[PDB]
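Trainee: Next up, entry_8.cif (mmCIF, C-alpha atoms and all ligand atoms).
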data_start
loop_
_atom_site.label_atom_id
_atom_site.label_comp_id
_atom_site.auth_asym_id
_atom_site.auth_seq_id
_atom_site.Cartn_x
_atom_site.Cartn_y
_atom_site.Cartn_z
CA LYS Q 1 37.39 9.44 15.54
CA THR Q 2 36.21 5.80 15.78
CA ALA Q 3 34.09 6.31 18.91
CA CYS Q 4 30.87 8.34 18.99
CA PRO Q 5 31.19 11.58 21.07
CA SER Q 6 29.58 11.36 24.51
CA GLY Q 7 25.85 12.16 24.42
CA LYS Q 8 25.45 11.90 20.62
CA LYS Q 9 24.72 8.15 20.69
CA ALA Q 10 21.37 8.29 18.88
CA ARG Q 11 18.65 6.12 20.44
CA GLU Q 12 16.11 7.15 17.78
CA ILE Q 13 16.00 8.38 14.18
CA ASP Q 14 14.88 12.02 14.36
CA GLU Q 15 15.55 15.54 13.08
CA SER Q 16 18.55 16.00 15.42
CA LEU Q 17 20.66 13.98 12.96
CA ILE Q 18 20.74 16.84 10.41
CA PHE Q 19 23.16 18.67 12.74
CA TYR Q 20 25.49 15.64 12.79
CA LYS Q 21 28.62 15.43 10.63
CA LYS Q 22 29.25 12.52 8.24
CA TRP Q 23 31.52 10.59 10.63
CA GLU Q 24 29.18 11.20 13.58
CA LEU Q 25 26.34 9.39 11.77
CA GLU Q 26 28.83 6.66 10.82
CA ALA Q 27 29.90 6.40 14.48
CA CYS Q 28 26.70 7.01 16.44
CA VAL Q 29 23.78 5.78 14.30
CA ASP Q 30 23.44 2.00 14.57
CA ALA Q 31 22.37 0.23 11.36
CA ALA Q 32 19.83 -2.09 13.00
CA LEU Q 33 18.05 0.98 14.42
CA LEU Q 34 17.99 2.63 10.98
CA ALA Q 35 16.47 -0.42 9.27
CA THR Q 36 13.59 -0.61 11.77
CA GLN Q 37 12.90 3.14 11.71
CA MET Q 38 13.58 3.69 8.00
CA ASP Q 39 10.09 5.17 7.54
CA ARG Q 40 11.32 8.35 9.28
CA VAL Q 41 14.20 9.11 6.90
CA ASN Q 42 12.06 10.63 4.11
CA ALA Q 43 10.68 13.03 6.74
CA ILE Q 44 14.10 14.20 7.96
CA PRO Q 45 15.77 16.78 5.63
CA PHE Q 46 19.17 15.07 5.33
CA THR Q 47 22.01 16.29 3.12
CA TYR Q 48 23.45 14.36 0.16
CA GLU Q 49 26.41 12.78 1.97
CA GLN Q 50 24.33 12.02 5.08
CA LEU Q 51 22.08 9.75 2.99
CA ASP Q 52 25.13 7.99 1.54
CA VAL Q 53 26.07 7.08 5.12
CA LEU Q 54 22.55 5.81 5.84
CA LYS Q 55 22.70 3.86 2.56
CA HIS Q 56 26.12 2.42 3.49
CA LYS Q 57 24.68 1.20 6.81
CA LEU Q 58 22.04 -0.90 5.03
CA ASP Q 59 24.70 -2.63 2.90
CA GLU Q 60 26.66 -3.55 6.04
CA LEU Q 61 23.49 -4.76 7.78
CA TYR Q 62 22.00 -6.51 4.72
CA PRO Q 63 24.84 -7.85 2.46
CA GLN Q 64 22.42 -10.20 0.68
CA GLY Q 65 19.90 -7.53 -0.37
CA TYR Q 66 17.45 -5.56 1.77
CA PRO Q 67 14.12 -7.02 3.04
CA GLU Q 68 10.78 -5.65 1.82
CA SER Q 69 10.44 -4.14 5.31
CA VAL Q 70 13.13 -1.59 4.39
CA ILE Q 71 12.60 -1.34 0.62
CA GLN Q 72 9.12 0.19 1.02
CA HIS Q 73 10.52 3.27 2.78
CA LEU Q 74 13.73 3.72 0.76
CA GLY Q 75 12.65 6.98 -0.88
CA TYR Q 76 15.49 9.05 -2.34
CA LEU Q 77 17.99 6.33 -1.38
CA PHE Q 78 16.52 4.48 -4.38
CA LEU Q 79 18.15 7.12 -6.62
CA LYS Q 80 21.59 6.18 -5.26
CA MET Q 81 21.01 2.45 -5.77
CA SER Q 82 23.24 0.10 -7.78
CA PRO Q 83 21.66 -2.12 -10.51
CA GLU Q 84 23.25 -5.35 -9.22
CA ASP Q 85 21.93 -4.66 -5.70
CA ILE Q 86 18.31 -4.55 -6.89
CA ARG Q 87 18.68 -8.00 -8.49
CA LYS Q 88 18.84 -9.47 -4.97
CA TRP Q 89 15.51 -7.91 -3.93
CA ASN Q 90 12.41 -10.11 -3.61
CA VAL Q 91 9.64 -7.51 -3.97
CA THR Q 92 6.08 -8.86 -4.09
CA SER Q 93 3.51 -6.27 -2.98
CA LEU Q 94 2.56 -3.71 -5.63
CA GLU Q 95 2.32 -0.92 -3.04
CA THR Q 96 6.10 -1.31 -2.66
CA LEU Q 97 6.57 -0.93 -6.43
CA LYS Q 98 4.44 2.24 -6.55
CA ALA Q 99 6.46 4.01 -3.85
CA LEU Q 100 9.77 3.30 -5.62
CA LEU Q 101 8.56 4.54 -9.02
CA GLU Q 102 7.01 7.67 -7.46
CA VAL Q 103 10.44 9.12 -6.57
CA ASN Q 104 11.36 9.31 -10.28
CA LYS Q 105 8.24 11.12 -11.51
CA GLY Q 106 8.61 12.69 -14.96
CA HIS Q 107 12.04 11.27 -15.81
CA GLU Q 108 12.87 8.45 -18.24
CA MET Q 109 13.12 4.84 -17.03
CA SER Q 110 16.43 4.92 -15.13
CA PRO Q 111 18.76 1.85 -15.06
CA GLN Q 112 17.62 1.13 -11.49
CA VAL Q 113 13.90 1.21 -12.32
CA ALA Q 114 14.48 -1.03 -15.36
CA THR Q 115 16.21 -3.68 -13.23
CA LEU Q 116 13.50 -3.44 -10.55
CA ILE Q 117 10.62 -4.31 -12.90
CA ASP Q 118 12.34 -7.28 -14.57
CA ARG Q 119 12.99 -8.78 -11.11
CA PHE Q 120 9.46 -7.91 -9.95
CA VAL Q 121 7.74 -9.71 -12.83
CA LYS Q 122 9.97 -12.80 -12.56
CA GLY Q 123 8.86 -13.04 -8.91
CA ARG Q 124 5.17 -12.89 -9.89
CA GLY Q 125 5.51 -15.42 -12.73
CA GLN Q 126 3.29 -13.60 -15.23
CA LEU Q 127 2.57 -9.99 -16.20
CA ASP Q 128 -0.61 -9.20 -14.25
CA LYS Q 129 -3.28 -6.61 -15.05
CA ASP Q 130 -2.63 -4.87 -11.72
CA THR Q 131 1.10 -4.86 -12.57
CA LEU Q 132 0.46 -3.30 -15.99
CA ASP Q 133 -1.84 -0.63 -14.51
CA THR Q 134 0.96 0.75 -12.31
CA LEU Q 135 3.70 0.36 -14.94
CA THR Q 136 1.70 2.10 -17.70
CA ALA Q 137 0.71 4.92 -15.32
CA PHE Q 138 4.32 5.99 -14.72
CA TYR Q 139 5.84 4.64 -17.96
CA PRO Q 140 3.25 4.51 -20.82
CA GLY Q 141 5.62 3.17 -23.50
CA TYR Q 142 6.47 -0.07 -21.67
CA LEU Q 143 4.78 -2.78 -23.75
CA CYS Q 144 6.49 -1.58 -26.94
CA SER Q 145 9.86 -1.59 -25.12
CA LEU Q 146 9.44 -5.33 -24.46
CA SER Q 147 10.90 -7.64 -27.12
CA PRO Q 148 8.30 -9.45 -29.34
CA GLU Q 149 9.14 -12.88 -27.89
CA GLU Q 150 8.63 -11.57 -24.34
CA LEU Q 151 5.15 -10.34 -25.32
CA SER Q 152 4.22 -13.91 -26.32
CA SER Q 153 4.44 -14.98 -22.66
CA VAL Q 154 2.09 -12.12 -21.70
CA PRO Q 155 -1.37 -13.53 -20.69
CA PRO Q 156 -4.56 -12.35 -22.51
CA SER Q 157 -5.93 -10.95 -19.23
CA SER Q 158 -3.30 -8.18 -19.07
CA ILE Q 159 -4.55 -6.69 -22.37
CA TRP Q 160 -7.41 -5.12 -20.39
CA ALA Q 161 -4.86 -2.70 -18.89
CA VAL Q 162 -3.40 -1.62 -22.25
CA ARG Q 163 -4.70 1.69 -23.64
CA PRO Q 164 -4.74 3.20 -27.20
CA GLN Q 165 -1.92 5.65 -26.42
CA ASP Q 166 0.34 2.88 -25.08
CA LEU Q 167 0.77 1.22 -28.50
CA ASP Q 168 1.95 4.37 -30.32
CA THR Q 169 5.63 3.36 -30.18
CA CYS Q 170 4.95 -0.31 -31.03
CA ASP Q 171 6.30 -1.73 -34.30
CA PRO Q 172 4.01 -4.07 -36.34
CA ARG Q 173 5.88 -7.25 -35.33
CA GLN Q 174 4.68 -6.66 -31.76
CA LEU Q 175 1.07 -6.04 -32.86
CA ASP Q 176 1.05 -9.42 -34.65
CA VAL Q 177 1.59 -11.08 -31.25
CA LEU Q 178 -0.77 -8.74 -29.37
CA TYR Q 179 -3.73 -9.03 -31.76
CA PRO Q 180 -4.56 -12.76 -31.12
CA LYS Q 181 -4.27 -12.06 -27.38
CA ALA Q 182 -6.59 -9.05 -27.69
CA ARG Q 183 -8.94 -11.19 -29.80
CA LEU Q 184 -8.94 -13.89 -27.11
CA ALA Q 185 -9.21 -11.20 -24.40
CA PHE Q 186 -12.24 -9.35 -25.80
CA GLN Q 187 -14.26 -12.51 -26.49
CA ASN Q 188 -18.05 -12.89 -26.07
CA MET Q 189 -18.18 -9.09 -26.50
CA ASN Q 190 -20.63 -8.64 -29.39
CA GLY Q 191 -21.32 -5.44 -31.31
CA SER Q 192 -19.42 -2.15 -30.97
CA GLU Q 193 -17.95 -3.42 -27.68
CA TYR Q 194 -15.76 -5.68 -29.83
CA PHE Q 195 -14.79 -2.88 -32.23
CA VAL Q 196 -14.07 0.02 -29.84
CA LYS Q 197 -11.39 -1.95 -27.96
CA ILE Q 198 -9.73 -3.76 -30.90
CA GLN Q 199 -9.30 -0.52 -32.90
CA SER Q 200 -5.60 -0.34 -31.99
CA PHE Q 201 -4.65 -4.00 -32.48
CA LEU Q 202 -5.96 -3.96 -36.08
CA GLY Q 203 -2.40 -2.88 -36.96
CA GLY Q 204 -1.52 -6.59 -36.68
CA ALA Q 205 -4.71 -8.25 -37.96
CA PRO Q 206 -4.86 -10.92 -40.75
CA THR Q 207 -7.15 -10.61 -43.79
CA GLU Q 208 -9.55 -13.36 -42.66
CA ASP Q 209 -10.57 -11.34 -39.58
CA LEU Q 210 -11.06 -8.16 -41.65
CA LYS Q 211 -13.71 -9.88 -43.80
CA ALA Q 212 -15.56 -10.86 -40.62
CA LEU Q 213 -15.67 -7.27 -39.31
CA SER Q 214 -17.01 -5.91 -42.62
CA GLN Q 215 -20.41 -7.61 -42.42
CA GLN Q 216 -21.11 -6.74 -38.76
CA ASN Q 217 -21.94 -3.08 -39.52
CA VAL Q 218 -18.92 -1.70 -37.64
CA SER Q 219 -18.58 1.60 -39.54
CA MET Q 220 -14.82 1.87 -38.92
CA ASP Q 221 -13.04 5.24 -38.78
CA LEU Q 222 -10.93 6.29 -41.79
CA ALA Q 223 -8.06 7.16 -39.43
CA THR Q 224 -7.95 3.49 -38.42
CA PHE Q 225 -8.04 2.42 -42.10
CA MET Q 226 -4.62 4.02 -42.61
CA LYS Q 227 -3.03 1.98 -39.78
CA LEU Q 228 -3.59 -1.49 -41.26
CA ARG Q 229 -1.23 -4.12 -42.68
CA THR Q 230 -0.45 -3.35 -46.33
CA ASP Q 231 0.10 -7.05 -47.08
CA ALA Q 232 -3.09 -8.14 -45.28
CA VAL Q 233 -5.44 -5.71 -47.08
CA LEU Q 234 -4.71 -7.09 -50.56
CA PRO Q 235 -7.11 -10.13 -50.60
CA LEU Q 236 -9.90 -8.05 -49.00
CA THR Q 237 -12.11 -6.66 -51.77
CA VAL Q 238 -13.14 -3.03 -52.37
CA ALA Q 239 -16.75 -4.12 -51.72
CA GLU Q 240 -15.60 -5.35 -48.30
CA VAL Q 241 -13.54 -2.17 -47.79
CA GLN Q 242 -16.63 -0.04 -48.50
CA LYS Q 243 -18.59 -1.77 -45.71
CA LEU Q 244 -15.98 -0.62 -43.15
CA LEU Q 245 -16.20 3.02 -44.27
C1 LIG Q 301 14.88 -14.25 -2.11
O1 LIG Q 301 14.37 -15.55 -1.89
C2 LIG Q 301 15.36 -16.59 -1.96
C3 LIG Q 301 14.63 -17.91 -1.82
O2 LIG Q 301 13.77 -17.92 -0.68
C4 LIG Q 301 16.41 -16.37 -0.87
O3 LIG Q 301 17.45 -17.34 -1.01
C5 LIG Q 301 17.01 -14.97 -0.99
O4 LIG Q 301 17.89 -14.70 0.09
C6 LIG Q 301 15.91 -13.91 -1.03
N1 LIG Q 301 16.47 -12.59 -1.22
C7 LIG Q 301 16.44 -11.62 -0.30
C8 LIG Q 301 15.09 -11.22 0.20
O5 LIG Q 301 17.47 -11.09 0.12
#
Could you render the structure from this file as structure tokens?
Ligand SMILES: *[C@@H]1O[C@H](CO)[C@@H](O)[C@H](O)[C@H]1NC(C)=O
Mentor:
Amino acid sequence: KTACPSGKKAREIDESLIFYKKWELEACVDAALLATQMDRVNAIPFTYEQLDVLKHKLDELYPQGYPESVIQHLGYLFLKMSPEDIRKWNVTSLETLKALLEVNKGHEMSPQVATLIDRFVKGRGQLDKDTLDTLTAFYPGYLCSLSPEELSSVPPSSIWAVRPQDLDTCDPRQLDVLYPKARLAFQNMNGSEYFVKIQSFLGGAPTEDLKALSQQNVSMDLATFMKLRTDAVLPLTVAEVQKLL
């Protein structure tokens, strides 16, 4: 059954291929043709095994990792992707990254997705704001999942993207690294514009900065009061504490 049956030699990727058997797709469908017209696959209602064949073709064609040409239109092939394979990928455009993450909506960060992001960010060089926006959209609890030392490398610019709900899972050792960045990030912003944004990062704020906030008529919430460093609220006086209330 090596040869493709006469007449079934597919010149184009189309809906006819759903009728084909596993070996027929392995015989008839050329890999080079599939790679070019990979944008059609998500349209065609293929079966489980049929996709495995299409996936196998790409490995044969691209032993050294797929190009971004193909990656963009992977779709539900991404689900059947090996972790080592993704390490080869050189993804750059964020529109690529969105499409991949949109196949695993709702679910937890799969091994594949985890390996994709680490490779993505290495390629960029730094964790961008635009990067964070997309990551936090699909996976809110990302920043807290990063190890404290990795957060040190994170530029102050990216803190714009972070939201109050994103830091819920963060332990205080992470907030100690994020606070000075947030402080550098939200600079030149006088008044309540300072306060409203820093609310969250106060969880890792020294005592010297708490005395500064007291005298600027902030009127801090009492919910925020509770989420402060126990060690770094000892030098601060009750007089100073009263000015935050
Ligand atoms: C990624 O880029 C490196 C350096 O240009 C190259 O050696 C490698 O083959 C690329 N990986 C891909 C796109 O398969």
Trainee: Any idea what the distance is between CA of residue 103 (chain Q) and CA of residue 138 (chain Q)?
Mentor: 10.7 Å
Trainee: Residues within 8 Å of ligand LIG 301 (chain Q) should be enumerated using all atoms listed in the file and returned as number ranges by chain.
Mentor: Q: 62, 64-68, 88-91
Trainee: Give me, please, the distance in Å between CA of residue 134 (chain Q) and CA of residue 101 (chain Q), quoted to one decimal.
Mentor: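 Straight-line distance from CA of residue 134 (chain Q) to CA of residue 101 (chain Q) works out to 9.1 Å.
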Trainee: With only C-alpha atoms as the basis for distance, which of Q:48, Q:104, Q:95, Q:87 is at the shortest distance from residue 118 (chain Q)?
Mentor: Q:87
Trainee: Mind giving me the straight-line distance from CA of residue 9 (chain Q) to CA of residue 47 (chain Q) in Å, one decimal?
Mentor: 19.6 Å
Trainee: Go through Q:44, Q:10, Q:49, Q:139 and flag the residue nearest residue 31 (chain Q), using all atoms listed in the file for the distances.
Mentor: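 Residue with the minimum atom-to-atom distance to residue 31 (chain Q): Q:10.
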Trainee: List as a list in words the protein and nucleic acid residues near residue 144 (chain Q), meaning an atom at most 8 Å away when all atoms listed in the file are counted, but skip any in the same chain fewer than 4 places from it.
Mentor: residues 166, 167, 169, 170, 171 and 174 of chain Q
Trainee: With distances taken over all atoms listed in the file, which residue among Q:123, Q:98, Q:237, Q:185 lies nearest residue 135 (chain Q)?
Mentor: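 The answer is Q:98, which sits nearest to residue 135 (chain Q).
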Trainee: Counting only C-alpha atoms, figure out which residue out of Q:145, Q:42, Q:192, Q:200 gets nearest to residue 162 (chain Q).
Mentor: Q:200
Trainee: Using all atoms listed in the file, which residue out of Q:21, Q:173, Q:243, Q:8 lies closest to residue 205 (chain Q)?
Mentor: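 Closest to residue 205 (chain Q) of all the choices is Q:173.
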Trainee: Mind checking which residues fall within 12 Å of residue 194 (chain Q), counting all atoms listed in the file, ignoring those fewer than 5 positions away in the same chain, and posting them as a list in words?
Mentor: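 Everything that qualifies: residues 182, 183, 184, 185, 186, 187, 188, 189, 199, 200, 201, 202, 212, 213, 216, 217, 218 and 220 of chain Q.
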Trainee: Using only C-alpha atoms, which residue out of Q:151, Q:111, Q:191, Q:127 lies closest to residue 179 (chain Q)?
Mentor: Q:151
Trainee: Save region 103-131 of chain Q to a file: N, CA and C atoms, as a PDB file, in the first residue's frame.
Mentor:
ATOM      1  N   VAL Q 103      -6.251  28.098  21.485  1.00  0.00           N
ATOM      2  CA  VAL Q 103      -6.767  26.749  21.300  1.00  0.00           C
ATOM      3  C   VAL Q 103      -7.010  26.105  22.664  1.00  0.00           C
ATOM      4  N   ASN Q 104      -6.250  26.533  23.680  1.00  0.00           N
ATOM      5  CA  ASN Q 104      -6.377  26.009  25.035  1.00  0.00           C
ATOM      6  C   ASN Q 104      -7.028  27.064  25.928  1.00  0.00           C
ATOM      7  N   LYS Q 105      -8.235  27.495  25.548  1.00  0.00           N
ATOM      8  CA  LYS Q 105      -8.998  28.450  26.337  1.00  0.00           C
ATOM      9  C   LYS Q 105      -9.644  27.722  27.513  1.00  0.00           C
ATOM     10  N   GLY Q 106      -9.464  28.279  28.718  1.00  0.00           N
ATOM     11  CA  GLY Q 106     -10.113  27.772  29.918  1.00  0.00           C
ATOM     12  C   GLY Q 106      -9.201  26.875  30.755  1.00  0.00           C
ATOM     13  N   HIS Q 107      -8.388  26.057  30.084  1.00  0.00           N
ATOM     14  CA  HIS Q 107      -7.601  25.024  30.737  1.00  0.00           C
ATOM     15  C   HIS Q 107      -6.371  25.648  31.396  1.00  0.00           C
ATOM     16  N   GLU Q 108      -5.707  24.855  32.245  1.00  0.00           N
ATOM     17  CA  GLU Q 108      -4.492  25.268  32.929  1.00  0.00           C
ATOM     18  C   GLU Q 108      -3.336  25.273  31.930  1.00  0.00           C
ATOM     19  N   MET Q 109      -2.270  26.011  32.268  1.00  0.00           N
ATOM     20  CA  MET Q 109      -1.095  26.121  31.418  1.00  0.00           C
ATOM     21  C   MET Q 109      -0.504  24.727  31.196  1.00  0.00           C
ATOM     22  N   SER Q 110      -0.737  24.182  29.998  1.00  0.00           N
ATOM     23  CA  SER Q 110      -0.245  22.866  29.617  1.00  0.00           C
ATOM     24  C   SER Q 110       1.277  22.887  29.491  1.00  0.00           C
ATOM     25  N   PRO Q 111       1.958  21.717  29.567  1.00  0.00           N
ATOM     26  CA  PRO Q 111       3.405  21.643  29.350  1.00  0.00           C
ATOM     27  C   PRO Q 111       3.898  22.314  28.068  1.00  0.00           C
ATOM     28  N   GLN Q 112       3.100  22.208  26.997  1.00  0.00           N
ATOM     29  CA  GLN Q 112       3.456  22.759  25.699  1.00  0.00           C
ATOM     30  C   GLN Q 112       3.468  24.283  25.770  1.00  0.00           C
ATOM     31  N   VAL Q 113       2.405  24.852  26.352  1.00  0.00           N
ATOM     32  CA  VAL Q 113       2.236  26.294  26.439  1.00  0.00           C
ATOM     33  C   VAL Q 113       3.360  26.882  27.289  1.00  0.00           C
ATOM     34  N   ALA Q 114       3.710  26.184  28.378  1.00  0.00           N
ATOM     35  CA  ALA Q 114       4.760  26.622  29.282  1.00  0.00           C
ATOM     36  C   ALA Q 114       6.086  26.758  28.533  1.00  0.00           C
ATOM     37  N   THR Q 115       6.402  25.760  27.697  1.00  0.00           N
ATOM     38  CA  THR Q 115       7.665  25.717  26.977  1.00  0.00           C
ATOM     39  C   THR Q 115       7.680  26.767  25.867  1.00  0.00           C
ATOM     40  N   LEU Q 116       6.497  27.096  25.332  1.00  0.00           N
ATOM     41  CA  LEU Q 116       6.369  28.074  24.261  1.00  0.00           C
ATOM     42  C   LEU Q 116       6.771  29.460  24.759  1.00  0.00           C
ATOM     43  N   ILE Q 117       6.270  29.838  25.943  1.00  0.00           N
ATOM     44  CA  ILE Q 117       6.429  31.192  26.454  1.00  0.00           C
ATOM     45  C   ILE Q 117       7.894  31.441  26.807  1.00  0.00           C
ATOM     46  N   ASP Q 118       8.529  30.467  27.474  1.00  0.00           N
ATOM     47  CA  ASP Q 118       9.914  30.601  27.902  1.00  0.00           C
ATOM     48  C   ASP Q 118      10.814  30.839  26.689  1.00  0.00           C
ATOM     49  N   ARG Q 119      10.528  30.132  25.585  1.00  0.00           N
ATOM     50  CA  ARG Q 119      11.283  30.283  24.352  1.00  0.00           C
ATOM     51  C   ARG Q 119      10.972  31.636  23.715  1.00  0.00           C
ATOM     52  N   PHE Q 120       9.692  32.032  23.758  1.00  0.00           N
ATOM     53  CA  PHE Q 120       9.235  33.285  23.178  1.00  0.00           C
ATOM     54  C   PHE Q 120       9.994  34.459  23.788  1.00  0.00           C
ATOM     55  N   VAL Q 121      10.063  34.490  25.127  1.00  0.00           N
ATOM     56  CA  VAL Q 121      10.590  35.637  25.851  1.00  0.00           C
ATOM     57  C   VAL Q 121      12.107  35.709  25.676  1.00  0.00           C
ATOM     58  N   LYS Q 122      12.772  34.547  25.609  1.00  0.00           N
ATOM     59  CA  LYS Q 122      14.206  34.500  25.363  1.00  0.00           C
ATOM     60  C   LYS Q 122      14.518  35.154  24.019  1.00  0.00           C
ATOM     61  N   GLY Q 123      13.664  34.886  23.023  1.00  0.00           N
ATOM     62  CA  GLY Q 123      13.812  35.442  21.687  1.00  0.00           C
ATOM     63  C   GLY Q 123      13.686  36.964  21.669  1.00  0.00           C
ATOM     64  N   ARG Q 124      12.746  37.496  22.465  1.00  0.00           N
ATOM     65  CA  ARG Q 124      12.554  38.933  22.578  1.00  0.00           C
ATOM     66  C   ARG Q 124      13.785  39.561  23.225  1.00  0.00           C
ATOM     67  N   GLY Q 125      14.163  39.029  24.397  1.00  0.00           N
ATOM     68  CA  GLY Q 125      15.254  39.565  25.195  1.00  0.00           C
ATOM     69  C   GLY Q 125      14.768  40.033  26.566  1.00  0.00           C
ATOM     70  N   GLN Q 126      13.622  40.727  26.570  1.00  0.00           N
ATOM     71  CA  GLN Q 126      13.002  41.216  27.790  1.00  0.00           C
ATOM     72  C   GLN Q 126      11.514  40.878  27.764  1.00  0.00           C
ATOM     73  N   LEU Q 127      10.874  40.974  28.935  1.00  0.00           N
ATOM     74  CA  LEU Q 127       9.436  40.795  29.047  1.00  0.00           C
ATOM     75  C   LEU Q 127       8.755  42.127  28.741  1.00  0.00           C
ATOM     76  N   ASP Q 128       8.124  42.217  27.566  1.00  0.00           N
ATOM     77  CA  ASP Q 128       7.527  43.454  27.087  1.00  0.00           C
ATOM     78  C   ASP Q 128       6.164  43.657  27.745  1.00  0.00           C
ATOM     79  N   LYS Q 129       5.625  44.875  27.602  1.00  0.00           N
ATOM     80  CA  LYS Q 129       4.277  45.190  28.046  1.00  0.00           C
ATOM     81  C   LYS Q 129       3.267  44.439  27.180  1.00  0.00           C
ATOM     82  N   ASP Q 130       3.472  44.490  25.859  1.00  0.00           N
ATOM     83  CA  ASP Q 130       2.597  43.845  24.891  1.00  0.00           C
ATOM     84  C   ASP Q 130       2.568  42.337  25.142  1.00  0.00           C
ATOM     85  N   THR Q 131       3.730  41.773  25.496  1.00  0.00           N
ATOM     86  CA  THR Q 131       3.852  40.365  25.839  1.00  0.00           C
ATOM     87  C   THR Q 131       2.972  40.054  27.046  1.00  0.00           C
TER      88      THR Q 131
END
